[PDB]
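Colleague: Sequence, then the experimental structure. Questions to follow.
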Amino acid sequence: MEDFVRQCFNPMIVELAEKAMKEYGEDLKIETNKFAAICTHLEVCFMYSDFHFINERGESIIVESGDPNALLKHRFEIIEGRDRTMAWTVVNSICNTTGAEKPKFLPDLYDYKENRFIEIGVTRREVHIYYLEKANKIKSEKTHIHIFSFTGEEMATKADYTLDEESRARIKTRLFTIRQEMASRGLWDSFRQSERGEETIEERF
Amino acid sequence: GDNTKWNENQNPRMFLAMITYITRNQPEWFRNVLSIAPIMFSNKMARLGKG
Amino acid sequence: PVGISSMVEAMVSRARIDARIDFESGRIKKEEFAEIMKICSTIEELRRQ
Amino acid sequence: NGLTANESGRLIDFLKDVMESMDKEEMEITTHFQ
Amino acid sequence: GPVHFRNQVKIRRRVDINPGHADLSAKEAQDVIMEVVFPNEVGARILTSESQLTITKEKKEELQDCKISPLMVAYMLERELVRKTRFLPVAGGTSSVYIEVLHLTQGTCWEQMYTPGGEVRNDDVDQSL
């Protein structure tokens, strides 16, 4: 599986994936499905964030590629793929600037129009059980939730969707491509089996 | 009282035995990490000195 | 300090966040924010090379 | 030498690297001269 | 007041050395110190307790522009807020203000009557009563 996940994803995402998995002392060889899960999470967050910039107002204007100008402002500061210390220092900076609320668990991004955090998730199991798991995990929450599925159906709170439908279609295309190359590789089910194992990692000395 | 040649007679193999007894019914990784030090002391070498 | 991020990566990212938050509400106006972001991009490029 | 788990800043990873250095067929040190 | 020459039954006992401790442990009070001095580098630690929250607001005002060193300001709040205990041979006393002068109030054969300057809390006084 390592060969495929090293080939398809660009080096920035696989780099951040070893970065994040190593942060906790997990071994890429004894735990291999986790590396692919992390790579998919990183890629989907980056895709959800990229191709979005802000104007003087809100209602993000979309571009094929960013234009060279003073509009350097980016719509989403990607908290994911960051060190824990810097992740919580960016979170604290945001909370001290906008006076927002401090979450109990690490969010994944922050949006300024609705002025709050967002927690993207990716799951093998279909939506309406992982969603309620994440919801009853993140208690007393304002962070919007936006979970995807490899099949192609998503869900969220307040039926709220924070961006265009073409970007969602792009995410869904990427996930279906991955899924129906897994079907060819036979890896898919291997990933499926270990979701429960994902919750926690056991020390191995 | 006092003990003559206290350190000379304190074998690291009995420290390994004591560590193995103390760490009974525990995750094997913890037993190994705590056992490693007596293992290194049992095979330890001493530099002779300046000359 | 604790973390796993390299010296230059942490320093440049922290400075980037500081420039962003200062531009949104602080002393930094567009000129200094742009200069800081450009210099940080130069640092990142020099790091990768 | 390639034992970089100790960059995790955890004592147990530094001990894993110390233990994994012994199963290497060649260490690489550096010595000063003048 | 008068020195009373008498046998001192100095009973070794754990006694609080610090006299301004806000009843917060070293780890417990390092997070209030950080929230006061270093508000962006606190991490995930949310200061639930109300006592810590009042301490933060009150202490922030005093140190608005201090230009000595933020490390020294942090060690300051460590001294004021961090609790500290030490086994010491104590006879009588047992108070925060009466243990800092234990070299002056207590000896081997002599007692020295003494009354610190600070306005004493009435809880200690009624306990003694």
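Modeller: Thanks, I have the structure now. Numbering: from 1, shown residues only, chains lettered A, B, ... in the order given.

Colleague: any chance you could map the strands in chain E?
Modeller: E:3-5, E:11-16, E:85-90, E:110-112 (DSSP state E).

Colleague: Looking at these, which is nearest to chain A?
Modeller: Closest of the strands of chain E to chain A is strand E:85-90, at 31.6 Å (criterion: CB to the nearest CB). (Each C-beta comes from the backbone N, C-alpha and C, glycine too.)

Colleague: partner strands of that closest one, parallel or antiparallel?
Modeller: strand E:11-16 (antiparallel) (DSSP bridges).

Colleague: Any buried residues in the strand it pairs with, and which?
Modeller: Buried residues in strand E:11-16, counted by 16 or more other CB atoms under 10 Å in any protein chain shown: E:15, E:16.

Colleague: can you give me the offset of it from its chain's centre?
Modeller: Strand E:11-16 sits 15 Å away from the centroid of its parent chain (CA atoms, centre = their mean, to the nearest Å).

Colleague: so who does residue E:64 touch?
Modeller: Residues counted as contacts of residue E:64 (CB atoms under 8 Å, 6 or more residues apart in numbering or on different chains): none.

Colleague: all strands for chain A, in order.
Modeller: A:109-111, A:116-123, A:144-149, A:155-156.

Colleague: And those strands: which comes nearest chain C?
Modeller: Closest to chain C of the strands of chain A, according to CB to the nearest CB: strand A:109-111, at 11.1 Å.

Colleague: For that closest one, enumerate the helices and strands it packs against.
Modeller: helix A:33-49, strand A:116-123 (3 or more CB pairs under 8 Å, 6 or more residues apart in numbering or on different chains; DSSP states H and E).

Colleague: If it's not too much trouble, I'd like these exported to TSV so that distance to chain B sit alongside each entry.
Modeller: Converted to TSV, the helices and strands packed on strand A:109-111 look like this (distance: least, CB to the nearest CB, whole Å):
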stretch	distance to chain B
helix A:33-49	19
strand A:116-123	30
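
Colleague: Need those in CSV (columns: mean neighbour count).
Modeller: Output for these, formatted as CSV (neighbours: other CB atoms under 10 Å in any protein chain shown):
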stretch, mean neighbour count
helix A:33-49, 21
strand A:116-123, 20
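
Colleague: how about those, which one is nearest residue E:92?
Modeller: With CB to CB as the criterion, residue E:92 lies closest to strand A:116-123 of the helices and strands packed on strand A:109-111, at 57.3 Å.

Colleague: is any part of the closest one close to chain E?
Modeller: No. Strand A:116-123 stays clear of chain E (CB under 8 Å from any CB of the partner chain), getting no nearer than 13.9 Å.

Colleague: if we look at that strand, which residues are touching it?
Modeller: In contact with strand A:116-123 (CB under 8 Å, 6+ apart) are residues A:37, A:40-41, A:44-45, A:48, A:76, A:79-80, A:91, A:100-101, A:103, A:105, A:107-111, A:130, A:134, A:138, A:142-149, A:162, A:175, A:195.

Colleague: Would you mind measuring the gap between the ends of stretch A:129-145?
Modeller: One end of stretch A:129-145 sits 13 Å from the other (CA to CA, to the nearest Å).

Colleague: how many other residues sit next to residue A:21?
Modeller: 19 (other CB atoms under 10 Å in any protein chain shown).

Colleague: from memory residue A:21 sits against residue A:28, does it?
Modeller: Yes. At 6.6 Å, residue A:21 counts as touching residue A:28 under the criterion of CB atoms under 8 Å.

Colleague: Between the two, which contacts overlap?
Modeller: With CB under 8 Å, 6+ apart, residue A:21 and residue A:28 have common neighbours residue A:35.

Colleague: Contact partners for the residue nearest to residue E:41 when sequence neighbours are not counted?
Modeller: Excluding the flanking residues, the one nearest residue E:41 by CB to CB, 6 or more residues apart in numbering or on different chains is residue A:89, at 6.0 Å. Contacts for residue A:89 (CB under 8 Å, 6+ apart) come out as C:14, C:17, E:40, E:41, E:43.

Colleague: Turn those residues into a markdown table, including neighbour count.
Modeller: Below are those laid out as a markdown table (neighbours: other CB under 10 Å):
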| residue | neighbour count |
| --- | --- |
| C:14 | 18 |
| C:17 | 17 |
| E:40 | 20 |
| E:41 | 14 |
| E:43 | 16 |
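
Colleague: quick check, nearest of these to residue A:9?
Modeller: Closest to residue A:9 out of the contacts of residue A:89 is residue C:17 (25.8 Å), distances taken as CB to CB.

Colleague: can you tell me the helix or strand for the closest one?
Modeller: Using DSSP states H and E, residue C:17 sits in helix C:7-24.

Colleague: can you give me how far the helix or strand just after that helix is from the chain middle?
Modeller: Once helix C:7-24 ends, the next helix or strand along the chain (criterion: DSSP H and E) is helix C:30-48. Its chain's average C-alpha position is 7 Å from that of helix C:30-48, according to CA atoms, centre = their mean.

Colleague: Which residues does helix C:30-48 contact?
Modeller: With contacts defined as CB under 8 Å, 6+ apart, helix C:30-48 is touched by A:70, A:72, C:8, C:9, C:12, C:15, C:16, C:19, C:20, C:22, C:23, C:28.

Colleague: please redo it, this time with the cut-off set to 6 Å
Modeller: For helix C:30-48, contacts defined as CB atoms under 6 Å, 6 or more residues apart in numbering or on different chains pick out A:70, A:72, C:8, C:12, C:15, C:16, C:19, C:23.

Colleague: residue in chain B nearest to chain D?
Modeller: Counting by CB to the nearest CB, chain B gets nearest to chain D through residue B:33 (6.7 Å).

Colleague: Can you classify that residue by secondary structure?
Modeller: Under DSSP: H, G, I helix; E, B strand; the rest coil, residue B:33 falls in the helix class.

Colleague: from what I can see it touches residue A:204, true?
Modeller: No. Checked against CB atoms under 6 Å, the pair residue B:33 and residue A:204 is beyond contact range at 11.2 Å.
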